[PDB]
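Going left to right, the sequence shown walks through residues 3 to 125, 127 to 261 as PDB author numbering numbers them. Quick reminder that beta carbons are idealized off the backbone N, C-alpha and C, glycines included.
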Amino acid sequence: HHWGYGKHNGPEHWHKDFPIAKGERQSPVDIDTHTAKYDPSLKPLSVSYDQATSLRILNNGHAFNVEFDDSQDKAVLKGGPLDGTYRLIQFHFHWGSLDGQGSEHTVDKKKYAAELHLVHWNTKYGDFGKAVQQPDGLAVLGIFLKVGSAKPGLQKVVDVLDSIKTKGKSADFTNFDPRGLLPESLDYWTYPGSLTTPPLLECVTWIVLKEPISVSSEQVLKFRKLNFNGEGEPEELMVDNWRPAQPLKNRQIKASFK
Ligand SMILES: O=C(O)c1ccccc1O
Ligand SMILES: O=C(O)c1ccccc1O
Ligand SMILES: O=C(O)c1ccccc1O
Ligand SMILES: O=C(O)c1ccccc1O
Ligand SMILES: [Zn+2]
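Here it is, written out as structure tokens:
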């Protein structure tokens, strides 16, 4: 599988190897804020990250993942639209070549400079690989990034990127606190969707926070120095690693707030 974000292997091509790309609950989507419905029965999100154990950071040739110990209930998401306990396995970002693009979800067609995805799996399915085969297997917390003031809690991530410049490189990344990436408010939109990269499985309850976080231009510039290619291969900057909005089809986006 040689999928990517280039002209010859990008999102418009993914359906040839992954036919679910044209399915009924693909992500991301545009969030029409005037069409989303407030649902008063939606509960507040419960983000319990105090015992989180980060292990490693990896450049996988499409983004970088910060990975966590998901062998115990150390960092979990529950409540909101979710039934059960969802364990944090990794987070990653999508970002642009310019500050006016980079997010996967859009809000009233507005694009943010980047988007953070905190990926969690439903513990009733035992492991991530089983969870991705279920319609309620994953819960992804999505957070928009806008360029402005620096985010202090992001800087530890930025400072390690030089050690994982190319595809396949990893580095130890212990004692990172993902709570430093969250905005003040946990108000959210939610809808059923999919992974946004191949295999594009329709297994995600998306929880997209309304409040973006601010990062500095210097922080996002360091993301843009990463490479899609392996060491010794022709340099292709890791930028614009986002899938565009897909048709909503027979879905409704719900809001936790009025
Ligand atoms: O593999 C990619 O994601 C890619 C992206 C941009 C340009 C060329 C590429 O191969
Ligand atoms: O110093 C950086 O911020 C950096 C980031 C990504 C890749 C190579 C780098 O030197
Ligand atoms: O978010 C995704 O698209 C994804 C895809 C494959 C594996 C883990 C993931 O989070
Ligand atoms: O291994 C290579 O082919 C190579 C090519 C360009 C620069 C550094 C390298 O190691
Ligand atoms: Zn993602």
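8 Å Cβ shell around residue i - same chain, five flanking residues per side excluded
i: residue 178; result: 56
i: residue 7; result: 13, 64, 231, 243, 244, 245
i: residue 158; result: 222
i: residue 155; result: 183
Among the options, the one whose alpha carbon lies nearest that of residue i
i: residue 135; options: 244, 92, 202; result: 202
i: residue 39; options: 130, 192, 28; result: 192
i: residue 205; options: 226, 133, 188, 184; result: 133
i: residue 170; options: 228, 78, 252; result: 228
i: residue 33; options: 110, 73, 74; result: 110
i: residue 298; options: 208, 198, 215, 175; result: Residue 298 lies beyond the stretch modelled for the chain, which goes from 3 to 261, so this question has no answer here.
Start-to-end residues for the beta strand (DSSP E) that takes in residue i
i: residue 174; result: 173-175
i: residue 145; result: 141-150
i: residue 161; result: Counting along the chain, residue 161 falls outside any beta strand (DSSP E), though it belongs to the alpha helix (DSSP H) covering 158-163.
Any non-hydrogen atom of ligand 4 within 7 Å of residue i CB
i: residue 234; result: yes
Residue i CB to nearest heavy atom of ligand 5 below 7 Å
i: residue 94; result: yes
Own chain residues within Cβ distance below 7 Å of residue i, not counting five before or after
i: residue 239; result: 230, 231, 232
i: residue 182; result: 51
Burial state of residue i (16 or more Cβ within 10 Å)
i: residue 236; result: exposed
i: residue 100; result: exposed
i: residue 255; result: exposed
i: residue 108; result: buried
i: residue 119; result: buried
i: residue 196; result: buried
Cβ neighbours of residue i in the same chain (closer than 6 Å, five flanking residues each side left out)
i: residue 173; result: 58, 60
Segment limits, alpha helix (DSSP H) that includes residue i
i: residue 224; result: 220-226
i: residue 81; result: Taken as a continuous stretch (DSSP letters only), residue 81 belongs to no alpha helix (DSSP H), being part of the beta strand (DSSP E) at 78-81.
i: residue 132; result: 131-134
Residue i: CB within 7 Å of a non-hydrogen atom of ligand 1
i: residue 11; result: yes
i: residue 191; result: no
Ligand 2 heavy atom lying under 7 Å from the CB of residue i
i: residue 165; result: yes
Residue i Cβ short of 7 Å to ligand 3 heavy atom set
i: residue 198; result: yes
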